[PDB]
Amino acid sequence: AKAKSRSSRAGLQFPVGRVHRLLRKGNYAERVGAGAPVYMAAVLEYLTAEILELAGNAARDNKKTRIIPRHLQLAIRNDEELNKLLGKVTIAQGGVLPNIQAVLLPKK
Amino acid sequence: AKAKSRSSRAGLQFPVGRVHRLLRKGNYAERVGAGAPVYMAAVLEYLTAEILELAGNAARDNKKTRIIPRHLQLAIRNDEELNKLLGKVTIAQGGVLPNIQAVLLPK
Amino acid sequence: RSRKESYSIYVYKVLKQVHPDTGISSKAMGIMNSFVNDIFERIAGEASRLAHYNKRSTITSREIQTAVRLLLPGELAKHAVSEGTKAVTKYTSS
Amino acid sequence: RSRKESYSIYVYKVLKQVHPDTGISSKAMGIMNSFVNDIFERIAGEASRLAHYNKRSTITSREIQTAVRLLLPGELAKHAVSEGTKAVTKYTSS
Amino acid sequence: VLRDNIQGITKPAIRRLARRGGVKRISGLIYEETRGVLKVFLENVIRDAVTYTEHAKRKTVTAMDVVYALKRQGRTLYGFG
Amino acid sequence: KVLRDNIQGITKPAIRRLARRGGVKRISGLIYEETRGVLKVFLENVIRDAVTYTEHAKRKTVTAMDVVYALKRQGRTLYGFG
Amino acid sequence: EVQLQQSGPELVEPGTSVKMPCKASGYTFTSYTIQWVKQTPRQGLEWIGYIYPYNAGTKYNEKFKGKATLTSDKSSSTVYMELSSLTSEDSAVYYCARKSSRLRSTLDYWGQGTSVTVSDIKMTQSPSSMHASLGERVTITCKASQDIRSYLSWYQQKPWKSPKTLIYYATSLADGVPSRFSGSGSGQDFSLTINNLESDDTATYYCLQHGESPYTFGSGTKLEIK
Amino acid sequence: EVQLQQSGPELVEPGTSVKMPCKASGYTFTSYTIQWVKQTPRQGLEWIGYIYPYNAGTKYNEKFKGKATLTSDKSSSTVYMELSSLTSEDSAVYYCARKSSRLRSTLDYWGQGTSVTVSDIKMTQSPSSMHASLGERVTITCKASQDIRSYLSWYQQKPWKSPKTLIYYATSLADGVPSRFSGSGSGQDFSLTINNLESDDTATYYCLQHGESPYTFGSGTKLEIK
Amino acid sequence: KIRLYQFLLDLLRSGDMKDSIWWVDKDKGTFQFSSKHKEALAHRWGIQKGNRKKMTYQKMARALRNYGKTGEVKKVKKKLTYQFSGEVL
Amino acid sequence: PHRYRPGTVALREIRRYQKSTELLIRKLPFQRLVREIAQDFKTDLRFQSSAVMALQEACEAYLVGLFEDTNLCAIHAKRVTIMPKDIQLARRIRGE
Amino acid sequence: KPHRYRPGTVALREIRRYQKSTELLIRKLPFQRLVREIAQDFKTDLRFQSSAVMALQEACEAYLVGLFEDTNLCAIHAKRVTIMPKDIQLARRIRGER
DNA sequence: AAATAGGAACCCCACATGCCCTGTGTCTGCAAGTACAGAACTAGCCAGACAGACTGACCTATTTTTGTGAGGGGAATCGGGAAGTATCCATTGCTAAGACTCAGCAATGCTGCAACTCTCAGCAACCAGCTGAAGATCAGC
DNA sequence: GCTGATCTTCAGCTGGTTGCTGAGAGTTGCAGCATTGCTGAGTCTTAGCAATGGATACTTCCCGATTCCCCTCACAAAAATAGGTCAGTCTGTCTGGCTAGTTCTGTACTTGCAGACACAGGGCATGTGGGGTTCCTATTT
């Protein structure tokens, strides 16, 4: 029979087989279920898709056709859930959000 | 031959065999070395002994017979290394160190 | 030559799926690689802890789903759970 | 009815060795049990990571020594390393 | 059904917590803010604990579940196991 | 060789730029020494952990992945280097 | 649990300004954008804009730029909308709806509607109005102009009532919606199907897309039972 | 790397007060207690007290309470000792030594000694003085009054110099000391052995116990080489 | 264990706090409690034993009456006095 | 009659409560609050007594630490009265 | 009379500029020399990969920038606009570093 | 009124006992890790120019500190009522132990194709130059 | 307070370029397929305990009103200091080359760890007792 990738069987773009191998060899459990790598790949694919779509939108609003680390930082820090997920994460060459305290601006 | 505990061979009070079993069944590595349980049992025993001696000194300074959680909290919070090791740890029935800011004190 | 075995090609496939005309730089590629590795490690480790707590020796889709609920905030958890359930259901039908 | 298997007797032995007269309450006993479990988990997990990074499959006393150095602050690490080295040397001679 | 129980954390209790923290003078608006922050903290911890119990197919929250939730929120608690 | 007195290489305008990126409008003249001390402490911690990681590997070169491990160990995860 | 309170009807003379609140409760206020939608008998539902309380970020429809101004109050969990220079063609119902920052998410919960009376992608719904008996099958087509990657949602609006979400992401059932409602399609063709009918199902159904920056609704479909 | 700096000699008339610094560098200042030791030619070394800069906690010798007060200056990494009512019987060298908060640790590093002049557990060092050539064995005994759970250290003091640590915890080699030095014993009897002597090894050797609140030195042992 | 008469022997042999309990005949082992400081002696016994409640001289004296069966401490007809037996002396 | 000057009784309370260790919130109100909060997630839940005890102790420790940080913030602003703004500043710097 | 900007507006211009860019704000060579000097006290004759020094610099910039935001918040709390060492100390104490 | 007796529960810390299951002793197989040798690779050092960042002085404006004083906010007090708490009993329900069964997962070997490396063409982004709009700054009526 | 003129900066457009991204050729290592077995997990039943609910009596705390004091806050002066310019200077950066010390890869092999099994002693759950402790009443100096 012709070999069908488990990713294609699950309708995914992430490698189900590689995820299964990493789970088995990663010192997590004595055994790994059949659907665990599928679930893991689906979650990872969803997360990367969401971040990539937000970063691509940020790049497009900046009139750029290539995602750079700054666009990833803008995508993450402008989303409260993504910022909470990656609160303790530093992104290289990502800069900081443009934020100036109100009291520092001139009054008149 | 006569059975001899690995703790006795290493001259320790903590169980080397139990530590070995926990390491093997704890999903840490494919294999566990022979001296690793001995080493980590010795480390655990040392930490336990240091904390218990400090807590006992604190209890004696309060003229008490027994170590209660307050004495453990006093022992840890009064040592900077132990405080750093247990910075994000809450101790039940531990209370807090007695500390009042100098500004609040009256002249 | 050591076959570093990254996630670059799959991330590029996802990017072309969401933004057909948008490329990605090498630095951003490495950042997204690190993000995928970090999230995989987090979810796998927490699922392993869940399995250990209940005296189970296997990691199933239930452990992964509970891990996803525990570490992802807000609607991220809900949508990741939906995606994982859909993928597992489709895979079971083969 | 399942033989809970705590650390109480060993901590009590250490206490009677280092302070022959003072006792210990049940609450403090449970606290020290939790402390031993926590430090065990920290050192073992960090040693597991150390073995994983260097593509090793076995945890040795070298891994535990490095984990102790990385986790304990100041002279705590030095004295714990001395104790572990002395114990391993004694055990090797049987 | 239980309601409005955040009022059970009385003003004198909050004053006692402040006293243990070394606070000398307390403003009149501190109590509502403290009730809010306590409610937020409790909701987070209880949500994690209930997730832990639900995974084990249990309907009783144990001290282990609360300890696990606090540990995974970086608030390790000693003395309950 | 031997290196000496290099924390002064973190010049005043560099610290001013770092403060500006943080949204600081006015900077006192005593901020620079305190910032130098804080940076020295942070660097000492991270470099000590990275050197420990390198030593355990029986290597003599501090790889970027060792720095990544040292930062991750301190709740300072860094993306973009491995 | 989640509830978005709104003020009552306001009578305003033309040329003045008005403001209505959207006091929200039952969720983490800063995690969800508040989207404002106006509904008129001659245009149907129309998207105005949203505000993100987390970072005060806003985004307005081009045809409503300047006319509407959105503000957020984190202390009281309220969002206000201001209309300046109220022209005669502003007597309509203004809705504030909750929507998460996730792209897959939609406008899930709505306010009751403040009936204010004064003194792109074209989204086409094939069946304008239809009739059905108590247990037949109905299907509503919502062919779009451009391509949207399944960012389509279906809403049910009882007369004189706020719309209720049925389908989001073009296939996913919303909370509390029975499995009788079933969405399908992707790209430019979308469909909503109701298997078993009830007297409750007598309402107007709209399909909303949020794949591109100006969100657009369908013309609607008045579905009548027996 | 670790250095504990002190001041120069003090010429002070009786009845006044003097304060000397112990500016420290080369380590985390707040992690180590700074212990103060006085040395008189007729009572050897006596422990005065210590200050813990982490929390400014003090503990004085019962025979030095009131006479000496210790202060911590965290900003300058300096510790001062203030002696009040300088009696004629105060002319001595005052040492400040670094000791960790760990019970196993001892006074590892010492200051150069501030010579100030004015115009219970008992340690028994059995062998007062000995003579030996360049290659023999020498053993020093530090029989104790009460028991100490190996909380004994051995120090070497060259004349007109600060004491240097050799053995801590009654068996462990100090930092940088050659393996020729060897300590043994526990309980109440302790021993120090020198493997092979050199012309350098001629000095005075003291045994310090820190198993109980007042730390007590030994009587001393003058070792002569060839 | 039996540490109570050990306590009563140790402070008398060491000459500690004679205001409460003191000697008149070391040979026969008799001693006299002070009617005023016996409360202090009872409290110092209680703090050493580290009991729950502060003990009165009544609860202290209740213990000596069980010593008569074993014979270490017996009560004679003389206000505030007892004595060890020859063996425990 | 005799009246203590303001701040003396407060300092006595600070000294007293920094010396003890018992829970400063009555057990029954906290139990009711915990059950009410858990009612939102799962209905007909059940709590061990030790579970509620651990929750209470964690809450006390968290609130005490938060109040220490709040007091530090208040002292920074040349005050001795803690206000909601100090709580907010402390929580913001902590990262909550 | 040459044109002069009132104090404060150039500072806001610099804030706007440096919050929009992503390059490293510390010169690379002085930072690398500092890293080598610090490492000298842990091991002699050590070697550093260029990417290692770059990762260290990225971490240091991120840490210092976050600390400066917290310091600015503390200074604003005290009704000031000038950050002082006391603000840094308060922020680091509350963060748990001190 | 102080001192003495005494019955009767009760508490703490050893000490003993039964048992059972898990840690130890012994042997075997084999692969994880090591010593060694050789290839390769990359980090440290050298060197020179040069342009732009850094530095110290100077003046000023603008920010912080200090000294008022008023007033209303919070602390100190108190007494009655409202919960909290301790304990006791009954119910019930829910958690896990024990036996039984078998479906899914590990282990194994072979194979083919997907993912890795290396390369190179071409193009998104960058730089330089220029120009126009917006905004800061200093009189001025 | 209300604009107005002047100067500076920022934003946008257009052409040259340039280093960086994406796609193709070669290949190789790992995922998929097909068996085999066996054990960890699912299912039922039920013992056993702990959580829940109600009662009662007692203790502890909480709440609202009064008084007043001292803390916070608004405000003006001073006096301290940082920011903006500028002339001069010094150092980072870029370029490329050379070791040479370090890292990587391949073999032989050896040493230590997993697996299997018998078994016995350590550790856990109860228990029993000495030496008091506590508590209340009565009796004799």
# chains A, B, ... in the order shown; residues from 1 in each chain; ligands from 1
$ calpha_fit_and_write --fixed "chain D" --moving "chain C" --output "short mmCIF file (atom, residue, chain, number, x, y, z; two decimals) with C-alpha atoms, in the first residue's frame"
data_model
loop_
_atom_site.label_atom_id
_atom_site.label_comp_id
_atom_site.auth_asym_id
_atom_site.auth_seq_id
_atom_site.Cartn_x
_atom_site.Cartn_y
_atom_site.Cartn_z
CA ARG C 1 -4.58 1.92 54.27
CA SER C 2 -2.56 2.95 51.22
CA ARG C 3 1.11 3.19 52.35
CA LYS C 4 1.59 6.89 51.64
CA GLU C 5 5.39 6.35 51.71
CA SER C 6 6.63 9.69 53.03
CA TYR C 7 10.08 10.89 54.14
CA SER C 8 9.06 11.32 57.78
CA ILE C 9 11.26 8.68 59.40
CA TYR C 10 14.46 9.77 57.66
CA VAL C 11 13.84 13.42 58.55
CA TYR C 12 13.26 12.36 62.15
CA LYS C 13 16.54 10.44 62.13
CA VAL C 14 18.35 13.52 60.82
CA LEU C 15 16.66 15.71 63.44
CA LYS C 16 17.71 13.36 66.24
CA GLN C 17 21.22 13.45 64.76
CA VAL C 18 21.44 17.26 64.89
CA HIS C 19 19.13 18.05 67.85
CA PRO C 20 18.97 14.96 70.09
CA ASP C 21 16.38 16.39 72.49
CA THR C 22 14.19 18.36 70.04
CA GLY C 23 10.94 16.98 68.66
CA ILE C 24 8.91 18.10 65.67
CA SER C 25 5.21 18.68 65.11
CA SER C 26 3.09 16.95 62.49
CA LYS C 27 2.58 20.18 60.53
CA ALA C 28 6.32 20.84 60.50
CA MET C 29 6.82 17.20 59.51
CA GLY C 30 4.54 17.65 56.51
CA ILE C 31 6.24 20.92 55.59
CA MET C 32 9.65 19.27 55.62
CA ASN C 33 8.25 16.38 53.58
CA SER C 34 7.04 18.86 50.97
CA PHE C 35 10.42 20.61 51.01
CA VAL C 36 12.26 17.35 50.35
CA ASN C 37 9.89 16.42 47.53
CA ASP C 38 10.23 19.88 45.95
CA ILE C 39 14.03 19.87 46.06
CA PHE C 40 14.19 16.32 44.72
CA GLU C 41 11.91 17.27 41.82
CA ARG C 42 13.93 20.40 41.04
CA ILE C 43 17.31 18.69 41.02
CA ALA C 44 16.10 15.60 39.16
CA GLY C 45 14.33 17.64 36.49
CA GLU C 46 17.30 19.91 35.92
CA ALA C 47 19.66 16.92 35.74
CA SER C 48 17.33 15.31 33.20
CA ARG C 49 17.43 18.50 31.13
CA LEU C 50 21.23 18.54 31.36
CA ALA C 51 21.39 14.95 30.13
CA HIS C 52 19.01 15.74 27.28
CA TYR C 53 21.01 18.81 26.23
CA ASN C 54 24.22 16.82 25.80
CA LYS C 55 22.39 13.98 24.00
CA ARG C 56 23.10 11.61 26.88
CA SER C 57 20.56 8.99 27.91
CA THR C 58 21.79 8.39 31.48
CA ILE C 59 21.76 10.52 34.62
CA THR C 60 25.06 10.21 36.48
CA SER C 61 26.55 11.88 39.53
CA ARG C 62 28.01 14.51 37.19
CA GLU C 63 24.53 15.60 36.12
CA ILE C 64 23.38 15.78 39.74
CA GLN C 65 26.47 17.76 40.74
CA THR C 66 25.96 20.27 37.92
CA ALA C 67 22.28 20.57 38.85
CA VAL C 68 23.24 21.22 42.47
CA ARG C 69 25.66 23.92 41.32
CA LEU C 70 22.96 25.50 39.16
CA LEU C 71 20.07 25.62 41.66
CA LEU C 72 21.66 26.03 44.98
CA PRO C 73 22.81 29.56 45.89
CA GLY C 74 26.08 30.53 47.49
CA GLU C 75 27.78 28.21 49.96
CA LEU C 76 24.73 25.93 49.93
CA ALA C 77 25.91 24.60 46.57
CA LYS C 78 29.49 24.21 47.80
CA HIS C 79 28.54 22.25 50.91
CA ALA C 80 25.96 20.12 49.10
CA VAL C 81 28.59 19.28 46.48
CA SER C 82 31.04 18.33 49.22
CA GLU C 83 28.45 16.13 50.92
CA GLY C 84 27.47 14.39 47.69
CA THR C 85 31.07 13.79 46.67
CA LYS C 86 31.88 12.37 50.11
CA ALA C 87 28.86 10.06 50.03
CA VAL C 88 29.66 8.78 46.54
CA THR C 89 33.33 8.25 47.41
CA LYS C 90 32.41 6.30 50.54
CA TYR C 91 29.79 4.25 48.68
CA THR C 92 32.27 3.32 45.95
CA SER C 93 34.58 1.79 48.56
CA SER C 94 31.52 -0.23 49.69
#
$ interface_residues --of "chain A" --to "chain M" --cutoff "8 Å" --atoms "only C-alpha atoms (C1' of nucleotides)" --output "PyMOL selection string"
chain A and resi 1+3-5+17-18
$ residues_around --residues "residue K:90" --least-positions-apart "6" --cutoff "12 Å" --atoms "only C-alpha atoms (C1' of nucleotides)" --output "number ranges by chain"
J: 69-77, 89-90, 93-94; K: 67-68, 70-75, 77-78, 83-84, 96-98
$ write_last_selection --atoms "N, CA and C atoms" --output "PDB file, in the first residue's frame"
ATOM      1  N   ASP J  69       4.232  45.157  49.530  1.00  0.00           N
ATOM      2  CA  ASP J  69       4.622  45.916  48.346  1.00  0.00           C
ATOM      3  C   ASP J  69       3.867  47.240  48.262  1.00  0.00           C
ATOM      4  N   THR J  70       2.582  47.229  48.617  1.00  0.00           N
ATOM      5  CA  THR J  70       1.790  48.451  48.631  1.00  0.00           C
ATOM      6  C   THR J  70       2.350  49.461  49.621  1.00  0.00           C
ATOM      7  N   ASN J  71       2.744  48.995  50.805  1.00  0.00           N
ATOM      8  CA  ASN J  71       3.328  49.888  51.798  1.00  0.00           C
ATOM      9  C   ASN J  71       4.635  50.478  51.297  1.00  0.00           C
ATOM     10  N   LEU J  72       5.448  49.670  50.616  1.00  0.00           N
ATOM     11  CA  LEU J  72       6.681  50.201  50.042  1.00  0.00           C
ATOM     12  C   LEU J  72       6.387  51.281  49.009  1.00  0.00           C
ATOM     13  N   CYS J  73       5.393  51.047  48.152  1.00  0.00           N
ATOM     14  CA  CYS J  73       5.013  52.055  47.168  1.00  0.00           C
ATOM     15  C   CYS J  73       4.537  53.333  47.845  1.00  0.00           C
ATOM     16  N   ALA J  74       3.734  53.202  48.900  1.00  0.00           N
ATOM     17  CA  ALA J  74       3.230  54.378  49.601  1.00  0.00           C
ATOM     18  C   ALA J  74       4.360  55.163  50.247  1.00  0.00           C
ATOM     19  N   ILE J  75       5.318  54.467  50.858  1.00  0.00           N
ATOM     20  CA  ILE J  75       6.456  55.154  51.456  1.00  0.00           C
ATOM     21  C   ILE J  75       7.280  55.849  50.382  1.00  0.00           C
ATOM     22  N   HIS J  76       7.368  55.248  49.194  1.00  0.00           N
ATOM     23  CA  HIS J  76       8.104  55.875  48.101  1.00  0.00           C
ATOM     24  C   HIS J  76       7.531  57.244  47.756  1.00  0.00           C
ATOM     25  N   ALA J  77       6.212  57.397  47.845  1.00  0.00           N
ATOM     26  CA  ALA J  77       5.550  58.654  47.532  1.00  0.00           C
ATOM     27  C   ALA J  77       5.433  59.576  48.740  1.00  0.00           C
ATOM     28  N   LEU J  89       0.006  50.128  41.431  1.00  0.00           N
ATOM     29  CA  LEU J  89       1.400  50.217  41.014  1.00  0.00           C
ATOM     30  C   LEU J  89       2.165  48.949  41.367  1.00  0.00           C
ATOM     31  N   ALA J  90       1.953  48.421  42.574  1.00  0.00           N
ATOM     32  CA  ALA J  90       2.648  47.203  42.973  1.00  0.00           C
ATOM     33  C   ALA J  90       2.253  46.031  42.088  1.00  0.00           C
ATOM     34  N   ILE J  93       3.880  46.472  38.586  1.00  0.00           N
ATOM     35  CA  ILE J  93       5.305  46.164  38.554  1.00  0.00           C
ATOM     36  C   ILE J  93       5.537  44.669  38.732  1.00  0.00           C
ATOM     37  N   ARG J  94       4.732  44.017  39.574  1.00  0.00           N
ATOM     38  CA  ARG J  94       4.872  42.575  39.743  1.00  0.00           C
ATOM     39  C   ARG J  94       4.542  41.824  38.462  1.00  0.00           C
TER      40      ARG J  94
ATOM     41  N   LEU K  67      13.162  47.207  32.903  1.00  0.00           N
ATOM     42  CA  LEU K  67      13.442  47.831  34.186  1.00  0.00           C
ATOM     43  C   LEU K  67      13.250  49.337  34.117  1.00  0.00           C
ATOM     44  N   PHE K  68      13.600  49.952  32.989  1.00  0.00           N
ATOM     45  CA  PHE K  68      13.421  51.391  32.861  1.00  0.00           C
ATOM     46  C   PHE K  68      11.954  51.770  32.741  1.00  0.00           C
ATOM     47  N   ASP K  70       9.556  50.137  34.302  1.00  0.00           N
ATOM     48  CA  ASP K  70       9.097  50.052  35.687  1.00  0.00           C
ATOM     49  C   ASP K  70       9.587  51.241  36.509  1.00  0.00           C
ATOM     50  N   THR K  71      10.830  51.664  36.280  1.00  0.00           N
ATOM     51  CA  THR K  71      11.380  52.825  36.969  1.00  0.00           C
ATOM     52  C   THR K  71      10.604  54.088  36.632  1.00  0.00           C
ATOM     53  N   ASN K  72      10.232  54.254  35.362  1.00  0.00           N
ATOM     54  CA  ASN K  72       9.428  55.402  34.970  1.00  0.00           C
ATOM     55  C   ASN K  72       8.074  55.379  35.660  1.00  0.00           C
ATOM     56  N   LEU K  73       7.463  54.199  35.763  1.00  0.00           N
ATOM     57  CA  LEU K  73       6.197  54.095  36.480  1.00  0.00           C
ATOM     58  C   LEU K  73       6.354  54.512  37.937  1.00  0.00           C
ATOM     59  N   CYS K  74       7.421  54.046  38.588  1.00  0.00           N
ATOM     60  CA  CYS K  74       7.660  54.426  39.976  1.00  0.00           C
ATOM     61  C   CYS K  74       7.865  55.929  40.112  1.00  0.00           C
ATOM     62  N   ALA K  75       8.648  56.525  39.212  1.00  0.00           N
ATOM     63  CA  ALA K  75       8.902  57.959  39.282  1.00  0.00           C
ATOM     64  C   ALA K  75       7.621  58.756  39.092  1.00  0.00           C
ATOM     65  N   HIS K  77       4.686  57.722  39.882  1.00  0.00           N
ATOM     66  CA  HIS K  77       3.911  57.546  41.106  1.00  0.00           C
ATOM     67  C   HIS K  77       4.278  58.590  42.153  1.00  0.00           C
ATOM     68  N   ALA K  78       5.561  58.915  42.267  1.00  0.00           N
ATOM     69  CA  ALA K  78       6.043  59.896  43.229  1.00  0.00           C
ATOM     70  C   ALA K  78       5.866  61.331  42.757  1.00  0.00           C
ATOM     71  N   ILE K  83      13.588  60.162  36.634  1.00  0.00           N
ATOM     72  CA  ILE K  83      13.873  58.885  37.273  1.00  0.00           C
ATOM     73  C   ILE K  83      15.140  59.022  38.098  1.00  0.00           C
ATOM     74  N   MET K  84      15.112  58.472  39.301  1.00  0.00           N
ATOM     75  CA  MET K  84      16.203  58.550  40.257  1.00  0.00           C
ATOM     76  C   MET K  84      16.543  57.146  40.719  1.00  0.00           C
ATOM     77  N   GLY K  96      11.186  41.556  42.899  1.00  0.00           N
ATOM     78  CA  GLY K  96      11.771  40.422  43.574  1.00  0.00           C
ATOM     79  C   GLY K  96      13.254  40.242  43.362  1.00  0.00           C
ATOM     80  N   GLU K  97      13.913  41.169  42.667  1.00  0.00           N
ATOM     81  CA  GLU K  97      15.345  41.046  42.428  1.00  0.00           C
ATOM     82  C   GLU K  97      16.167  41.413  43.657  1.00  0.00           C
ATOM     83  N   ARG K  98      15.681  42.337  44.478  1.00  0.00           N
ATOM     84  CA  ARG K  98      16.362  42.691  45.719  1.00  0.00           C
ATOM     85  C   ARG K  98      15.694  42.016  46.911  1.00  0.00           C
TER      86      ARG K  98
END
$ residues_around --residues "stretch 56-73 of chain F" --least-positions-apart "4" --cutoff "7 Å" --atoms "only C-alpha atoms (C1' of nucleotides)" --output "mmCIF file with N, CA, C and O atoms, in the first residue's frame"
data_model
loop_
_atom_site.group_PDB
_atom_site.id
_atom_site.type_symbol
_atom_site.label_atom_id
_atom_site.label_comp_id
_atom_site.auth_asym_id
_atom_site.auth_seq_id
_atom_site.Cartn_x
_atom_site.Cartn_y
_atom_site.Cartn_z
ATOM 1 N N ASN D 54 22.965 17.442 26.340
ATOM 2 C CA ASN D 54 24.219 16.853 25.898
ATOM 3 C C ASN D 54 24.025 15.520 25.194
ATOM 4 O O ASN D 54 24.999 14.785 25.011
ATOM 5 N N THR D 66 26.164 19.007 38.660
ATOM 6 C CA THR D 66 25.922 20.225 37.893
ATOM 7 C C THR D 66 24.562 20.828 38.225
ATOM 8 O O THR D 66 24.428 22.053 38.322
ATOM 9 N N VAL F 46 23.766 35.600 34.537
ATOM 10 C CA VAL F 46 23.533 34.859 33.300
ATOM 11 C C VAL F 46 24.813 34.185 32.826
ATOM 12 O O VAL F 46 24.799 33.022 32.407
ATOM 13 N N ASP F 49 25.715 31.072 34.905
ATOM 14 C CA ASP F 49 24.918 29.902 34.544
ATOM 15 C C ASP F 49 25.342 29.334 33.193
ATOM 16 O O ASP F 49 25.440 28.111 33.022
ATOM 17 N N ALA F 50 25.609 30.208 32.221
ATOM 18 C CA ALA F 50 26.030 29.742 30.903
ATOM 19 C C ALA F 50 27.373 29.030 30.970
ATOM 20 O O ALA F 50 27.586 28.023 30.287
ATOM 21 N N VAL F 51 28.297 29.544 31.780
ATOM 22 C CA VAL F 51 29.602 28.910 31.915
ATOM 23 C C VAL F 51 29.466 27.557 32.593
ATOM 24 O O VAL F 51 30.183 26.612 32.257
ATOM 25 N N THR F 52 28.554 27.436 33.558
ATOM 26 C CA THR F 52 28.300 26.126 34.152
ATOM 27 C C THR F 52 27.789 25.143 33.107
ATOM 28 O O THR F 52 28.255 23.997 33.028
ATOM 29 N N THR F 77 13.110 33.630 28.955
ATOM 30 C CA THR F 77 13.172 32.916 27.684
ATOM 31 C C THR F 77 13.477 33.861 26.531
ATOM 32 O O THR F 77 12.896 34.943 26.426
ATOM 33 N N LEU F 78 14.398 33.446 25.667
ATOM 34 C CA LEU F 78 14.841 34.245 24.535
ATOM 35 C C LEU F 78 14.568 33.487 23.246
ATOM 36 O O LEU F 78 14.953 32.322 23.112
ATOM 37 N N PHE F 81 17.537 32.402 18.778
ATOM 38 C CA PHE F 81 18.900 31.893 18.792
ATOM 39 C C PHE F 81 18.959 30.377 18.939
ATOM 40 O O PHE F 81 20.056 29.820 19.031
ATOM 41 N N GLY F 82 17.817 29.701 18.954
ATOM 42 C CA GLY F 82 17.788 28.258 19.076
ATOM 43 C C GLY F 82 16.862 27.779 20.176
ATOM 44 O O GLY F 82 16.036 26.893 19.963
ATOM 45 N N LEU K 46 38.445 31.498 28.379
ATOM 46 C CA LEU K 46 37.183 31.079 27.797
ATOM 47 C C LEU K 46 37.058 31.592 26.369
ATOM 48 O O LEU K 46 37.764 32.509 25.941
ATOM 49 N N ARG K 47 36.139 30.985 25.629
ATOM 50 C CA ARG K 47 35.851 31.377 24.261
ATOM 51 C C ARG K 47 34.361 31.620 24.118
ATOM 52 O O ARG K 47 33.550 30.920 24.730
ATOM 53 N N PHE K 48 34.004 32.617 23.319
ATOM 54 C CA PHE K 48 32.616 32.990 23.104
ATOM 55 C C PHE K 48 32.310 32.969 21.618
ATOM 56 O O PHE K 48 33.053 33.545 20.820
ATOM 57 N N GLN K 49 31.222 32.305 21.252
ATOM 58 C CA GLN K 49 30.694 32.446 19.908
ATOM 59 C C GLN K 49 30.082 33.829 19.736
ATOM 60 O O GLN K 49 29.567 34.424 20.685
ATOM 61 N N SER K 51 27.385 34.592 18.160
ATOM 62 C CA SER K 51 25.961 34.500 18.456
ATOM 63 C C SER K 51 25.701 34.467 19.954
ATOM 64 O O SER K 51 24.663 34.953 20.408
ATOM 65 N N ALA K 52 26.627 33.912 20.736
ATOM 66 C CA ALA K 52 26.463 33.917 22.185
ATOM 67 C C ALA K 52 26.494 35.337 22.733
ATOM 68 O O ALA K 52 25.650 35.721 23.551
ATOM 69 N N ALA K 55 23.275 37.079 21.762
ATOM 70 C CA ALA K 55 22.149 36.693 22.603
ATOM 71 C C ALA K 55 22.241 37.347 23.973
ATOM 72 O O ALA K 55 21.230 37.803 24.525
ATOM 73 N N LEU K 56 23.448 37.407 24.535
ATOM 74 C CA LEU K 56 23.630 38.098 25.806
ATOM 75 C C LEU K 56 23.242 39.564 25.691
ATOM 76 O O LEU K 56 22.573 40.109 26.577
#
$ residues_around --residues "residue F:34" --least-positions-apart "2" --cutoff "10 Å" --atoms "only C-alpha atoms (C1' of nucleotides)" --output "VMD selection string"
(chain F and resid 30 to 32 36 to 40) or (chain K and resid 84 to 86 88 to 89)
$ residues_around --residues "residue K:28" --least-positions-apart "4" --cutoff "12 Å" --atoms "only C-alpha atoms (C1' of nucleotides)" --output "ChimeraX atom specification"
/F:9-10,14 /K:23-24,32-35,50-51,53-58,61 /M:92-93
